[PDB]
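Step one of this worksheet: look at the structure below.
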Amino acid sequence: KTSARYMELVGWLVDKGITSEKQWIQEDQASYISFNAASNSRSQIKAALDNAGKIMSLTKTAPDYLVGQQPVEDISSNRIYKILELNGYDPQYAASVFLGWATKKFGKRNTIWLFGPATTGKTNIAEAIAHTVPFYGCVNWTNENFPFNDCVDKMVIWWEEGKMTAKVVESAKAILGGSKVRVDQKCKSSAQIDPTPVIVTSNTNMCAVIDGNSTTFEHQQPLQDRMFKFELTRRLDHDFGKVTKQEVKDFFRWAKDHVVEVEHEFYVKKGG
Amino acid sequence: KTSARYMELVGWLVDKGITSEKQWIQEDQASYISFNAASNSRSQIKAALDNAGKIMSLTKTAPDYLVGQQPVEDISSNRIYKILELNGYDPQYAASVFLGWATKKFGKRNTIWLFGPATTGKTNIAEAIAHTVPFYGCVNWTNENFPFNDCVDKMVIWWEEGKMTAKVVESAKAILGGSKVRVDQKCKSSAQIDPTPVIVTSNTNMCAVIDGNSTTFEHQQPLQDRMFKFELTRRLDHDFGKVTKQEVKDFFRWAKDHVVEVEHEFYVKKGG
Amino acid sequence: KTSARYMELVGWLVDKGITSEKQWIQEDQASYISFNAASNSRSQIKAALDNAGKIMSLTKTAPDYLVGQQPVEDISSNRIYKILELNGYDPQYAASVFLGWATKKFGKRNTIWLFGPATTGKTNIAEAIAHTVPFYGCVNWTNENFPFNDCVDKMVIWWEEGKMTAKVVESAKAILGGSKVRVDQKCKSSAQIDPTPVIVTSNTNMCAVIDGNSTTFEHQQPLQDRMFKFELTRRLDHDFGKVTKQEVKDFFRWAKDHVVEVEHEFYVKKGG
Amino acid sequence: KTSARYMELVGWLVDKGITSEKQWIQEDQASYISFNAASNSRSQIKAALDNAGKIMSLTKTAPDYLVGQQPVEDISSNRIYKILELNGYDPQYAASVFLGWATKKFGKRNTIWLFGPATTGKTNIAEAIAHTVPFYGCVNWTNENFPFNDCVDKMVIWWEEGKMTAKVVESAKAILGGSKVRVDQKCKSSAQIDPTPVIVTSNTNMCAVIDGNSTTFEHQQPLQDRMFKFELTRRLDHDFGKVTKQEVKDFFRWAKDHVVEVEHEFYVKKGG
Amino acid sequence: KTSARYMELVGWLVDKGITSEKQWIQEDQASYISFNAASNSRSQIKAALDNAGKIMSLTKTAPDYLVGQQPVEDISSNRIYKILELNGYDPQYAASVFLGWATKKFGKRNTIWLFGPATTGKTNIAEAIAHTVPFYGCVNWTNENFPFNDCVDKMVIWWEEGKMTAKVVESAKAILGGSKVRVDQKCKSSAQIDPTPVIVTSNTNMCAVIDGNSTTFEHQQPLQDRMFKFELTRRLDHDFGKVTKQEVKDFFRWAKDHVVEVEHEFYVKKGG
Amino acid sequence: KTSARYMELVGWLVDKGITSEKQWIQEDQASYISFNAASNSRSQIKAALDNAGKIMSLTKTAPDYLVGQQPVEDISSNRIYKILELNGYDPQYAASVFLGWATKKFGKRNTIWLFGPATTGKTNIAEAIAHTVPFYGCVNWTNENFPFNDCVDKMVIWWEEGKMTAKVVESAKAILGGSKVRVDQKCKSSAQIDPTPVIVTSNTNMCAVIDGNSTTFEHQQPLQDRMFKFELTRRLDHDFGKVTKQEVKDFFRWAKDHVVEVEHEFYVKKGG
Amino acid sequence: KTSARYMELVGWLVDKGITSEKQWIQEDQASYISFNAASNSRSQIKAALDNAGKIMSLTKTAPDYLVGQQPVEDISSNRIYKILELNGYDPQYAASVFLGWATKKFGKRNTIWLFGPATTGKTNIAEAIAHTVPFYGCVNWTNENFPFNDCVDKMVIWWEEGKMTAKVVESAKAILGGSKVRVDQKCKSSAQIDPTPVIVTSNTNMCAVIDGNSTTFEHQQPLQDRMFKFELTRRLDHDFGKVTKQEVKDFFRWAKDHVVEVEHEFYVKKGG
DNA sequence: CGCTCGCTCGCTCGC
């Protein structure tokens with residue numbers, strides 16, 4: 001009775017696409033109606049749903065999800081290639097670097113840092129790329145005590161606001177460096193931050209260690225060695241935008257199907 | 001009688017169209033009397049009411065509920081066109097700006113800010129906009145500790161004056177432009193904030209962030225870049241207010257069908 | 001057995017009219033004996049009483065309970081007419097203004113505040129007018145941390161004391177101008193505040209808006225436009241109190257049977 | 001089980017002739033033991049005690065309760081009369097004023113202040129009069145925004161000390177003249193205040209209106225008109241105390257059986 | 001099973017006289033073992049314990065508990081008499097004052113003030129006097145007026161510390177003079193204050209009432225006239241105190257066997 | 001069925017030896033398995049464990065349990081004597097002081113403070129003294145809600161760290177001064193606080209009243225009078241440590257079999 | 001039915017090769033299905049896991065787990081030997097020092113300071129050392145309210161980063177020196193500090209006690225005595241890391257089977 | 001077959 005129901009719920013959760021509350025309400029909306037019409041208690045169902053969500057968040061990361069089912073042939077039908085050609089960089093090399101960084105094949109340099117203000121248009125593209133996946137964790141830097149709130153234990157962790165001070169750079173260098181360690185949040189919560197690809201998209205200089213109020217350059221070499229620098233030249237135009245998911249998947253599949261030379265340095269040269 | 005009673009209550013709520021207790025008491029109050037005379041437990045009724053409210057609040061976008069079956073018909077039929085003609089502006093540009101702010105076509109301009117005294121023409125417009133939508137919210141600054149309370153399950157979020165200290169400004173700026181994040185201010189407050197348009201109506205200047213008890217300047221640039229400037233010079237006459245929903249729907253349909261150029265600035269131009 | 005008894009109790013409670021505790025205890029006498037001899041209901045009885053109170057309050061108008069059966073003919077018999085003649089004001093114009101303000105069809109001035117001497121006699125008249133109705137809610141400024149508290153389950157709102165700040169004035173201006181918004185009174189308690197005729201009677205100047213901890217005369221024109229200015233000059237002696245209901249009903253009937261032209265000015269015509 | 005136990009308790013209380021709680025606990029010691037050994041029903045007992053207190057406060061105020069069937073006989077048989085004769089005040093006029101204030105025959109003059117220093121002779125009399133009534137009320141002025149807390153349906157009001165700030169004076173002025181106002185409670189609602197005889201007995205000067213931290217003289221005319229003035233210069237000597245009930249009842253009967261004409265003014269004449 | 005256990009507990013509380021918790025836990029512990037081995041129901045046991053406590057507290061008197069009948073046969077035997085003789089006080093007068101204060105036959109003077117530090121010998125003497133009786137009670141004062149242990153129907157009130165602000169000064173004189181006062185504990189607890197003798201023991205100056213941030217000298221005479229100042233400047237030699245019950249009984253018998261004349265005032269005539 | 005099982009569990013717990021949770025888990029752990037196989041209610045098991053702990057604790061005070069039953073007959077047969085000879089101090093005087101402090105002979109002095117560095121030998125002595133008793137507690141300043149939260153009938157308390165804030169010193173002086181007080185440490189847990197022997201072992205100066213961040217010399221006299229002081233000279237010896245209960249028992253026996261003079265100061269006499 | 005499942009789980013955790021619940025769930029496929037079909041309670045499973053962990057920690061120490069049964073058999077084919085040859089250090093001397101430090105017989109030496117940047121391969125070695133042991137804890141030291149919370153008797157603790165304030169120096173010395181004390185973890189939890197070594201691997205300075213914003217240099221001798229200086233400023237190669245447990249066990253066995261000179265110093269220079 | 005008290009489970013507030 002209970003075991004069969006739990007197995008059926010696990011099978012229905014595995015053979016579907018439920019993640020957040022909005023997606024679950026938009027997809028299968030009859031579950032809430034059935035629960036309201038039946039009994040007002042589903043502890044086993046809630047536990048099974050939580051287990052399925054944890055298995056989906058810890059199972060597939062980004063490489064098993066960004067693999068498309070059909071590679072595109074027309075390179076002019078993608079906005080990413082046009083943006084890369086207008087900015088002044090190689091599109092194939094950038095795609096290969098992105099595929100190598102998202103697969104966990106770089107090593108210590110597992111953090112991509114961007115440059116530019118909020119009027120460049122890259123923030124919307126980054127938000128769309130972060131929301132196109134299932135689990136997503138935004139790094140809300142609002143206090144100087146706990147930098148990671150609800151962004152731990154997800155799929156893709158990205159930062160869109162907040163500046164790291166001098167009291168958090170020592171922890172960021174060990175968290176974003178790509179090492180598995182168990183860290184306790186508040187008191188009754190102890191998670192394990194694993195090595196995942198985290199993209200940093202801000203405006204200020206991330207390598208400048210802001211020691212409270214001033215700026216002290218005492219450990220910029222490790223932050224520069226374990227960090228990247230991808231600058232954007234051409235900004236976003238008017239009447240052009242809205243990053244979807246099928247085009248991104250096709251671009252990822254085309255970049256993975258044709259791998260070329262991939263470099264490993266700090267400052268990216270003007271190639272292409 | 002449990003499942004059958006819940007099904008009958010759901011059917012009566014779907015056919016009668018009741019949202020809260022006030023609407024049910026004002027309209028057909030026979031279902032509530034029957035439920036009170038029959039069983040004594042109100043947990044199922046509360047769960048059904050919460051489910052109905054959630055289904056009514058989450059279903060589509062904020063601009064999808066303002067488009068009626070009537071097309072153009074008559075352009076001049078509301079007080080907004082008369083106010084724009086008396087002050088000296090264009091109606092087409094204002095309609096395009098409203099359609100872009102309600103649909104999120106600009107990306108950054110997703111908040112309407114007002115300025116001027118109460119005897120000029122803003123309080124009546126705000127009251128009409130709040131009364132035109134039943135599922136509207138208002139962030140009343142009653143306390144200086146946890147002012148953000150009723151912020152979920154609503155579309156039109158109101159905003160008034162008050163000593164807004166530096167605390168939740170960083171979380172409100174990410175929600176006023178278009179994002180999805182949770183903000184906790186007390187005990188049970190874990191709830192995701194959906195992207196919806198927020199209207200700001202105040203008598204004084206709300207562009208400067210207050211530092212507890214004094215008006216200072218710290219985060220005025222993001223509020224000026226995300227908010228929209230709406231200056232006024234004409235005085236408030238007589239018989240202003242009480243706008244029906246049909247005129248608002250006709251204006252929204254005319255603005256969505258007849259669109260001009262796309263602009264992105266703080267002030268309002270008189271072109272068109 | 002239990003359902004029939006509950007239905008009989010609901011019918012007896014609906015066919016008796018329960019508005020207060022003391023009146024219900026002085027009128028009915030076998031209800032307590034029946035409840036002690038039967039079961040031990042509480043939640044259902046409270047819900048039924050709340051529903052009956054809501055249906056009795058929000059269902060009709062406040063001006064329908066003040067109509068009389070015969071109009072008054074002697075102008076030197078009622079105390080209100082004598083007070084209006086001794087104060088030096090028009091009686092017919094004042095009656096027409098009161099009838100227009102009580103019907104909710106006057107405009108933006110839905111509140112009437114008086115400013116006279118200390119020991120005059122208006123306090124007894126205000127208390128009699130507040131007690132003449134069944135439901136009456138006073139604005140007691142006991143807890144300074146919360147704004148409006150005693151304002152649900154009533155209709156007649158009377159202000160006695162309490163220093164209103166800027167936030168309280170801004171929250172009250174949204175309801176005193178004819179709008180409808182949700183005002184919070186505790187920790188998560190939203191309720192629809194409908195527009196009703198609020199009568200203000202105190203000795204302090206209500207035009208001076210306090211700016212939290214200091215005094216700043218900044219909200220004068222809107223406070224003067226959204227209200228009137230009814231001052232007194234004559235003083236009453238001993239044996240002038242004890243306002244009944246037949247005289248008030250006769251005065252209301254005489255004012256409704258003869259309605260003149262209503263004006264709109266802050267300064268009343270001192271003629272009498 | 002509960003209804004039968006409540007009926008048995010009511011029958012035992014009616015057959016035993018119990019009125020208060022302390023006397024019933026000190027005398028009828030078997031009823032409490034039986035209630036503790038059987039079912040524990042405290043809510044029903046509290047409701048019955050509240051109903052008995054309300055019935056005692058409604059029927060028979062102070063003159064019909066503190067008036068014995070036997071006469072006074074000798075004039076020298078009361079401490080209050082001896083104190084009034086030694087201080088120089090009129091005894092018949094004071095008795096008439098007390099009978100008029102305790103009977104509701106004064107109208108707006110329902111306030112009596114007793115001016116005195118430290119150990120003079122009025123504090124002990126006030127304490128004895130407050131302790132002679134089992135269900136009396138005391139002004140617990142221990143907080144700023146927390147005025148009354150235990151004075152609902154109390155015909156006897158005791159006052160010892162406590163300077164009220166400018167935030168409850170407007171509510172106290174309307175209640176001291178025999179009115180009916182709703183005060184803000186410390187919980188979240190508001191109780192009902194009935195027109196009972198409230199006496200004042202402070203130590204400093206009650207004529208100065210404490211408006212927060214200064215003295216207000218512009219609004220002192222109504223407080224002076226709706227108040228009395230009593231002075232006591234005779235110090236409390238040894239072998240003069242112990243106020244009982246038979247002497248007070250005899251004094252009340254002698255004052256009611258011989259009423260004189262007193263001038264209704266601010267001060268009290270000592271003629272006679 | 002439950003009735004027999006309740007009867008055994010009542011018998012052990014009545015005839016056995018089990019009042020202390022540590023002694024009852026160190027002696028027989030069969031009731032706790034039975035309650036742990038049985039179910040979790042303890043309403044009857046709690047009611048029996050409350051009834052036993054009420055029966056033990058019902059008794060205003062300390063002479064039958066402290067005074068005995070065995071002869072001493074010597075002048076000096078207890079340490080209290082030696083301390084009083086070394087400090088500079090009368091022996092017979094002190095014994096008469098103690099016998100008059102322990103009997104509760106004074107009337108107005110029902111307080112004992114002790115001047116000096118806590119290391120002199122007043123705290124140890126108070127602890128010995130409280131432990132010499134079988135039923136006693138102490139209530140500390142840490143915050144303002146919330147920490148109240150148990151003192152209903154007692155005869156000795158403890159006062160180790162507690163700085164009362166300008167709020168309860170007018171109520172303490174009436175509560176410690178010969179009347180009652182309202183008590184506010186947590187929430188669902190309300191009682192009165194009977195005329196019991198409180199032993200005041202402080203080290204600073206209690207005559208200067210702190211009014212929040214300053215001093216007050218307007219009602220100190222009323223609190224000083226209803227008390228007995230006892231100067232205790234002679235400190236101990238090397239760990240003095242620790243009086244048992246036999247020594248206290250012998251001292252009480254020696255003080256009662258030699259009674260002299262003692263006046264009723266505030267200043268102690270130390271003439272011996 | 002339940003009573004017999006509870007009696008069997010109590011007998012099995014008494015016929016073994018309960019020390020703490022870690023010792024009970026390391027020794028016999030079949031009680032939990034038996035309780036899970038028999039019943040399922042954890043309340044009965046918790047009550048049985050509490051009864052067993054109370055029965056094991058109710059045996060002796062502290063001096064009769066810490067003193068061994070084996071004589072030495074020589075002054076050179078313990079590590080304490082060697083440490084005292086190396087650091088330069090009197091052995092007999094130190095043993096007498098320890099016997100007087102552990103038995104409650106000084107009265108006002110009931111705390112032993114060990115001053116010096118961490119690598120001296122005081123930590124091992126403190127650990128041995130804490131492990132020599134079965135039930136031992138510790139007071140740590142980790143939580144900012146309650147500093148003295150470890151007080152559930154503890155007979156030996158050890159101090160290892162924690163600042164001395166201006167708040168708990170007044171409560172600690174009444175417990176460390178030898179007086180029958182009942183100070184509450186949590187919420188509704190005002191038990192009989194007896195004068196238990198407390199030991200302090202820190203490296204910094206514990207006589208500095210840290211009032212936030214500075215140091216105010218105003219609450220150091222009672223802590224210095226109720227505490228001791230010992231200035232060591234020898235550091236931690238290499239290859240020497242881990243004192244057991246045998247050395248403590250031998251030292252206690254040598255101090256009890258050889259009693260000399262007893263002083264009452266900080267630095268004791270070392271002549272001998 | 002749960003007793004048999006608990007016994008089977010305990011047996012599988014004891015003799016089987018399972019440590020946590022994840023390994024037991026991933027091992028047998030039918031056991032997880034049976035546990036899901038039985039019940040949903042996890043308290044018994046958690047208790048069994050805690051008992052197994054306690055039995056494994058009390059039975060086998062860190063020496064029996066870090067040392068293997070077979071040696072490496074190669075004095076020039078290992079990662080540790082290559083790192084020592086590249087950094088300039090002795091192999092046999094380093095192995096002897098490691099065996100002496102990881103034995104728990106030095107007295108106070110329980111940590112090891114390390115320098116150099118994060119690109120020297122120390123992070124990979126720390127991750128391998130943390131993954132080679134089952135029970136691994138972290139030092140979450142960020143806020144100034146809670147000191148150490150993730151230390152519940154961990155066998156291998158790794159120090160990450162954090163500004164060590166000047167207040168917990170005594171608590172750190174009592175934990176790293178083998179001082180057994182019953183210190184509280186947070187508020188509602190407590191444990192016993194056992195003598196276990198904690199590894200230290202970071203990039204900042206451990207001697208600089210950063211007290212919030214300043215730097216305290218008074219405490220340095222205990223940190224230098226209870227630590228081991230290890231240089232790591234020499235740059236190594238790239239594309240290395242990923243150390244398993246077999247190599248570490250072989251190195252430990254080779255160091256234990258061939259012991260040379262062992263000293264108790266601290267400043268370990270690059271010998272050889 | 002009906003009245004009543006003890007064992008056990010459910011709604012709700014404090015910390």
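Naming works like this for the structure tokens: A, B, ... for the chains as they're shown, residue 1 at the start of each chain, ligands 1 onward in shown order.
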- segment 101-176 of chain E: residues DSSP assigns to strand (DSSP E), reported as a PyMOL selection string: chain E and resi 111-115+157-159
Same residues, C-alpha atoms, saved as a JSON list (two decimals), in the first residue's frame:
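The result, written out as again26.json:
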[["chain", "number", "residue", "atom", "x", "y", "z"],
["E", 111, "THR", "CA", 8.26, 45.98, 57.04],
["E", 112, "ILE", "CA", 11.83, 45.50, 58.28],
["E", 113, "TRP", "CA", 14.62, 47.52, 56.66],
["E", 114, "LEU", "CA", 18.20, 46.25, 56.93],
["E", 115, "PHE", "CA", 21.06, 48.66, 56.20],
["E", 157, "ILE", "CA", 8.54, 37.86, 52.20],
["E", 158, "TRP", "CA", 12.14, 37.92, 50.96],
["E", 159, "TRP", "CA", 13.77, 40.92, 49.28]]
- Within 6 Å of segment 248-261 of chain E, counting only C-alpha atoms (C1' of nucleotides), which residues qualify if same-chain residues fewer than 4 places away don't, as a ChimeraX atom specification? /E:66-68,95-96
- Message: List as a list in words the protein and nucleic acid residues near residue 197 of chain D, meaning an atom at most 9 Å away when only C-alpha atoms (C1' of nucleotides) are counted, but skip any in the same chain fewer than 4 places from it.
- Response: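 Here the answer would be residues 62, 101, 102, 103, 104, 110, 111, 112, 155, 156, 157, 176 and 178 of chain D.
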Please produce an output containing N, CA and C atoms for each residue in the selection, written as a compact mmCIF listing (two decimals), in the first residue's frame.
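again29.txt written:
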# COMPACT_ATOMS: atom_id res chain seq x y z
N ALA D 62 -23.83 51.31 44.41
CA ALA D 62 -23.13 51.51 45.67
C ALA D 62 -24.12 51.89 46.76
N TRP D 101 -22.59 61.61 44.01
CA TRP D 101 -21.57 61.05 43.14
C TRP D 101 -21.69 59.54 43.00
N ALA D 102 -22.11 58.85 44.07
CA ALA D 102 -22.26 57.41 44.04
C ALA D 102 -23.61 56.96 43.51
N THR D 103 -24.50 57.89 43.17
CA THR D 103 -25.82 57.56 42.65
C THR D 103 -26.02 57.97 41.20
N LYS D 104 -25.07 58.68 40.60
CA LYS D 104 -25.17 59.13 39.21
C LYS D 104 -26.13 60.31 39.05
N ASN D 110 -18.85 63.69 37.80
CA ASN D 110 -18.61 62.35 38.33
C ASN D 110 -17.14 62.13 38.64
N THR D 111 -16.54 63.07 39.37
CA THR D 111 -15.13 62.98 39.74
C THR D 111 -14.93 63.69 41.07
N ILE D 112 -14.20 63.05 41.98
CA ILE D 112 -13.92 63.60 43.30
C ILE D 112 -12.45 63.38 43.59
N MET D 155 -17.76 48.78 39.79
CA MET D 155 -18.42 49.99 40.25
C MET D 155 -17.56 50.81 41.20
N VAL D 156 -16.49 50.24 41.75
CA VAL D 156 -15.60 50.93 42.67
C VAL D 156 -14.24 51.06 42.00
N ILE D 157 -13.76 52.30 41.87
CA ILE D 157 -12.47 52.59 41.24
C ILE D 157 -11.57 53.20 42.31
N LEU D 176 -14.76 60.78 32.83
CA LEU D 176 -14.97 61.35 34.16
C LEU D 176 -16.27 62.13 34.28
N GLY D 178 -19.22 61.02 33.33
CA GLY D 178 -20.32 60.08 33.21
C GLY D 178 -20.68 59.75 31.78
Please tabulate, as a tab-separated table, the residues of chain D that come within 7 Å of chain E, each with its closest pair of atoms and the distance in Å to one decimal, counting only C-alpha atoms and ordering rows by chain, then residue number upward.
residue	atom	partner	partner_atom	distance
D:33	CA	E:51	CA	6.7
D:36	CA	E:47	CA	5.0
D:37	CA	E:44	CA	6.2
D:118	CA	E:222	CA	5.2
D:119	CA	E:222	CA	5.7
D:127	CA	E:179	CA	5.7
D:128	CA	E:179	CA	6.9
D:131	CA	E:179	CA	6.2
D:142	CA	E:167	CA	5.3
D:160	CA	E:170	CA	5.7
D:161	CA	E:170	CA	4.8
D:162	CA	E:167	CA	6.8
- Using DSSP on the backbone coordinates, identify the residues of segment 105-215 of chain F assigned to alpha helix (DSSP H); present them as a list in words.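 Answer for segment 105-215 of chain F, restricted to alpha helix (DSSP H): residues 122, 123, 124, 125, 126, 127, 128, 129, 130, 131, 169, 170, 171, 172 and 173 of chain F.
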